[PDB]
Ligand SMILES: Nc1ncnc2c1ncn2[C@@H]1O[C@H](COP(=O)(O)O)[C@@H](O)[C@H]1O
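A single chain, nothing else alongside it, follows as structure tokens in the form deposited without the ligand.
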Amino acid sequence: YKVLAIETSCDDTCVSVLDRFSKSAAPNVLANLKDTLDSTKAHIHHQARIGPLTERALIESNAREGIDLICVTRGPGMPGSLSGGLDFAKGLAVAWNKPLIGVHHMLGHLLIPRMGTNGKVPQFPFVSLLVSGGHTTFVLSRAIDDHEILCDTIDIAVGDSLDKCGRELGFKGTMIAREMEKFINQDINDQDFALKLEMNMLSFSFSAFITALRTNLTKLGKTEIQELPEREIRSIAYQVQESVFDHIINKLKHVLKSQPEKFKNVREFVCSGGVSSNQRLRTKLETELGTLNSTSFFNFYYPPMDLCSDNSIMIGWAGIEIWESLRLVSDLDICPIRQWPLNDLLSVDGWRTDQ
């Protein structure tokens, strides 16, 4: 019971060998990642990486003959890109004569925080916020097959919104979003508070913030970010970050108080993704949700950045949960599904019982 896992949906080519010692613990043997170089197609990249990225991951891992289950991403994404990992996984499966479990990409993200505790700590009736550079979704899980989208982005994601409006302020590094947070947190008190930069049910909107900041900048004193002093650009950065997060909080507060019947048994909140790394977002979440009466008490869990960002360990974990708790295996004639819905996880063709 050594799980070979693959992630080939976006730009990250991931290969990870897991070790399931018993049905109570799951330490990770090996984990590889190769991202697309940018100033080369994603499908061609994955197709050229997967092969040599698995042999090295098998040479460095326990054994090449010790693999018992092959997990791969059948999930949402580019068909051509994820066919690279899928057809390769079929090749491993046929050659070793072992099962294949085609995993939903988003299911990996939602199930990943359960691996460390062997699906115990984030107990089945739970609620989750997926704040990344690509996602912005508020999901309620009732079981591994049941998932309810309570609030999702109709515009762009937080990562993009904070990176786009952050670029207007002057920041231009590798991870634009966190550099702004580090600038605000270098000296939180030294700000020009005088610079008052002041700006349906199941939806989030972010594409307006960049447009609203530019109008706020043209109305107020100066627009030239290069000439602007450090204290003034810090009161702007604080206020933009405050408004972006106030919108998320206000929509989570709206969801919880509107239908508390769905949240009667939720005892754990999971904030996963790139933006979860923000200490203000964390403190805002824990402050507001913990004081409201109608809202049920929570226990906030912030997973590591390695597991949060697209990796293969999550596919290997979600596959473990499906092979064990549902006892299902994907058919060998499996094909990529571009816009595979999460509720349409077991409705679509390809499932075969192992029980």
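For the two forms, the rigid core is made up of the largest set of C-alpha atoms that agree within 1.5 Å on superposition. The numbering used is simple: start at 1 and walk along the sequence shown.
A second form of this protein, the form solved in complex with the ligand, is not displayed here; the remarks below concern that form.
The partner is not drawn, yet in the deposited bound form one stretch among 139-147, 95-103, 120-128, 156-164 has residues with heavy atoms inside 4.5 Å of the ligand: 156-164.
Proximity to the ligand in the deposited bound form, defined as a heavy atom within 4.5 Å, holds among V275, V270, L107, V72 only for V275.
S309 is the sole member of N62, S309, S325, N28 with a non-hydrogen atom lying within 4.5 angstroms of the ligand in the deposited bound form.
Using a 4.5 angstroms limit between non-hydrogen atoms, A177 touches the ligand in the deposited bound form. In the deposited bound form, at least one heavy atom of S132 sits within 4.5 Å of a heavy atom of the ligand. A residue is said to contact a partner when one of its heavy atoms sits within 4.5 Å of a partner heavy atom; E181 meets this definition for the ligand in the deposited bound form. Contact annotation: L33 falls outside 4.5 Å of the ligand in the deposited bound form, judged by heavy atom distances.
Of all the residues from 50-79, none has a non-hydrogen atom no more than 4.5 Å from the ligand in the deposited bound form. A 2 Å or larger CA shift between this form and the one not shown, after fitting on the rigid core, occurs at just one of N216, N265, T117, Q123, namely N216. Core-superposed comparison between this form and the one not shown: the C-alpha position of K182 differs by less than 2 Å.
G91 is not among the residues whose C-alpha shifts by 2 Å or more between this form and the one not shown once the rigid core is aligned; its shift stays under 2 Å. Put the two forms on the same core and the Cα of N299 is off by less than 2 Å between this form and the one not shown.
Panel note: the distance between the CA atoms of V244 and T295 is larger in the deposited bound form than in this form, the difference being 3 Å or more.
By 3 Å or more, the C-alpha separation between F300 and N293 shrinks in the deposited bound form relative to the form shown here.
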